[PDB]
Structure formats: C-alpha cells, structure tokens
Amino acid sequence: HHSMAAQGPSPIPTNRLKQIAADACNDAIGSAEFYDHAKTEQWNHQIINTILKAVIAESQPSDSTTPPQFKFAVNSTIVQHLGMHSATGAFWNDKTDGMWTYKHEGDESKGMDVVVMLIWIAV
C-alpha cells in the first residue's frame, strides 16, 4: 500500500499505533492455526473494536476543557493466502489529516494475512 496524498502527523505516535494493531491482531487471530471463513467476521470485529477503543482513548486531550479533536476510521481486512495492491488518495487537510497502515504477516501454516488501516481527520 501507498498513499497518493500529502498528510499531517499522527495524533498518536506511530510506534504506539504499531503496538496497538499488533496486539489487536495477536489477540484476535494469534491462536488460529488456519484461515476460517466462518470466523473472519468475529476476528475483524474484535480487531477493529480493540484498535478503535485504544486510539480513541489515547487521542484524548489531557484536559476536560478540550473535546476530542480527531475523527477516526479503522478498516481491517483478512486475506487468505493465494497478489494484492492497494492505494489511497484524499481530499482533506494536508497539514492535519492522514493515514497509517499495518500488515500482520501470517506464517506459512497460517494461510492468511491481516491488513489494518487507520485514517485520522482533524476537527
């Protein structure tokens, strides 16, 4: 994946985002030995709720006099192993808005990858 659009700094340090996403994916599918189409919905739901709860919490201003300053969208995709190329463009505020993507690579026996993308939008 690669962004076509210029962008602002993440309200959350990208090393923390990486940890949030890696932990979310691990909690959801870490013990899974195979891709199971019957569980992908449950898996994706758990990943997204985990990440969203974490980024909402940690993007909050320390003081009550300042309300949440960022909207977030979080997408999670589970892809069964085979060829995949993704791109993102935007019409937004290049000083403040942006995206970050994460790939949770499954090993040989896993038979699936998890790709996560987070968008933040100021105000």
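One-based numbering along the sequence shown.
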Looking at residue 82 and residue 83, the deposited sequence has unmodelled residues in between totalling 10 or more
28-36 versus 70-78: which one carries the higher mean Cα B factor per the record? 28-36
Mean CA B-factor: is it higher for 110-118 or for 13-21? 110-118
If you compare 44, 65, 96, 50, which has the highest Cα B-factor in the entry? 65
Chain-relative CA temperature factor third for residue 88: lowest
